[PDB]
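Taken in order, these protein sequences are the chains called B and A. PDB author numbering puts the first sequence at residues 1 to 80. PDB author numbering puts the second sequence at residues 1 to 83. Backbone N, C-alpha and C define an ideal beta-carbon position, used for all residues, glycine too. The block underneath contains the structure these notes are about, expressed in structure tokens.
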Amino acid sequence: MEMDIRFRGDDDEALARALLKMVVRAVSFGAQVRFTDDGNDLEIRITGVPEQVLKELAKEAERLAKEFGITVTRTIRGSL
Amino acid sequence: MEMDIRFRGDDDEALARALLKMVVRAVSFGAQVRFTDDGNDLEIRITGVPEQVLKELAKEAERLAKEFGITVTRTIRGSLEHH
Numbered sequence: 001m002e003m004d005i006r007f008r009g010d011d012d013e014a015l016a017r018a019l020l021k022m023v024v025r026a027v028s029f030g031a032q033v034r035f036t037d038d039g040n041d042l043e044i045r046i047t048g049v050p051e052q053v054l055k056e057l058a059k060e061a062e063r064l065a066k067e068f069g070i071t072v073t074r075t076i077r078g079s080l
Numbered sequence: 001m002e003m004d005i006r007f008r009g010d011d012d013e014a015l016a017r018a019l020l021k022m023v024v025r026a027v028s029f030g031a032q033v034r035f036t037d038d039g040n041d042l043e044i045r046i047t048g049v050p051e052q053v054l055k056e057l058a059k060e061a062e063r064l065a066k067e068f069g070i071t072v073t074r075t076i077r078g079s080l081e082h083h
């Protein structure tokens, strides 16, 4: 299982602050973090932790989007 | 072959902006970019692009460091020796 987090906003500084907090939080849980492109949006790919930890990181992404005033979409990939 | 970029500074908002700019630039080249973190040591690992591209990304790291007033260091691993 992989979770992809795509932040979107109309302030790049806010996007930057959210991205940094999200990735630091993800790795603190032992997840692997990689970056790819989703059109012209940067996507954070989170892997290597159990499904329930991925779900908590999803909730974290929502909280960060609210904190910094941006939006977020989540994609869960590879479930059986 | 791999290029690792480490960011240090006092203003976390500046570090965040430099990180985002660096990642966006590397991804645009079709590079693989992985994020790692040691207490205060923000680092990205860049693979999957030619040596010259890695070299150009290293110079972009140079420019970001000056632009945002942070310290950026670089490590090359798994590279070949050239003339």
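- Task: Would you please state the rounded distance, in angstroms, between the beta carbons of B/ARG34 and A/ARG34? I believe it to be under 8 Å.
- Result: Within the first sequence, the letter at position 34 stands for residue 34 of chain B. Within the second sequence, the letter at position 34 stands for residue 34 of chain A. Correct: roughly 5 Å between the Cβ atoms.
- Task: Pull out every residue of the stretch 67-80 of chain B whose Cβ sits closer than 9 Å to any Cβ of chain A, in chain order.
- Result: Of all residues in the stretch 67-80 of chain B, none has a Cβ within less than 9 Å of some Cβ in chain A.
- Partner residues on chain D for A/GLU43, Cβ-Cβ distance less than 9 Å: In summary, chain D is missing from the structure at hand, where the protein chains are B and A.
- Under the three-state DSSP convention, the category A/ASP37 falls into: As a first step, residue 37 of chain A is located in the second sequence; it is residue number 37 there, counting from the start. If DSSP states are grouped into helix, strand and coil, A/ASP37 belongs with the strands.
- Which ranges does the beta strand (DSSP E) cover as unbroken runs of at least 3 residues, wholly within the stretch 24-72 of chain A, from first to last along the chain? The qualifying runs are 32-38, 41-47.
- Query: So, is A/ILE76 buried or exposed, given that buried needs 16 or more other C-beta atoms within 10 angstroms?
  - Reply: To locate residue 76 of chain A, count along the second sequence from 1; it is residue 76. Its Cβ having fewer than 16 others within 10 Å, A/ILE76 is exposed.
- Task: Measure from the alpha carbon of B/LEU15 to the alpha carbon of each residue in B/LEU80, B/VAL72, B/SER79, B/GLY78, then state which is nearest.
- Result: Sequence index remark: in the first sequence, residue 15 of chain B carries index 15 (1-based). Measuring from the Cα of B/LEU15, the nearest candidate turns out to be B/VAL72.
- Query: Helix, strand or coil: which one does DSSP assign to B/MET22?
  - Reply: Here residue 22 of chain B is taken as the residue at index 22 of the first sequence, counted from 1. Reduced to three states, the DSSP call for B/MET22 is helix.
- Under 7 Å between the Cβ atoms of A/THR36 and A/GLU2? Taking the first residue of the second sequence as 1, we reach residue 36 of chain A at position 36. Taking the first residue of the second sequence as 1, we reach residue 2 of chain A at position 2. Against a cut-off of 7 Å, the Cβ pair of A/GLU2 and A/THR36 comes out as no contact.
- Query: So which residues on chain B does A/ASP37 lean against when the C-beta distance must stay under 7 Å?
  - Reply: Within the second sequence, numbered from 1, the residue matching residue 37 of chain A stands at position 37. What A/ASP37 touches in chain B: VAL24, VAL27.
- Query: Does DSSP classify A/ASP10 as helix, strand or coil?
  - Reply: Residue mapping note: residue 10 of chain A aligns to position 10 of the second sequence, counting from 1. Of the three classes helix, strand and coil, the one that applies to A/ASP10 here is coil, per DSSP.
- Distance between beta carbons of A/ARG45 and B/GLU13, contact taken as under 8 Å: Counting from one through the first sequence, the residue named residue 13 of chain B turns up at place 13. Counting from one through the second sequence, the residue named residue 45 of chain A turns up at place 45. At roughly 25 Å, the Cβ-Cβ gap does not stay under 8 Å, so B/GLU13 and A/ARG45 are not in contact.
- Backbone CA spacing between B/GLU67 and B/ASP11 [nearest angstrom]: Here residue 67 of chain B is taken as the residue at index 67 of the first sequence, counted from 1. Here residue 11 of chain B is taken as the residue at index 11 of the first sequence, counted from 1. When rounded, the distance between both Cα atoms is 13 Å.
- Message: Is A/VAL33 close to chain B? Criterion is C-beta to C-beta, closer than 7 Å.
- Response: Numbered from 1 along the second sequence, position 33 holds the residue referred to as residue 33 of chain A. Yes, contact with chain B.
- Since I believe B/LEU64 is in contact with B/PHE29 (beta carbons under 8 Å), could you give me their beta-carbon distance rounded to a whole number of angstroms? Counted from its first residue, the first sequence places residue 29 of chain B at position 29. Counted from its first residue, the first sequence places residue 64 of chain B at position 64. The pair is not a contact, with the Cβ atoms about 15 Å apart (cut-off 8 Å).
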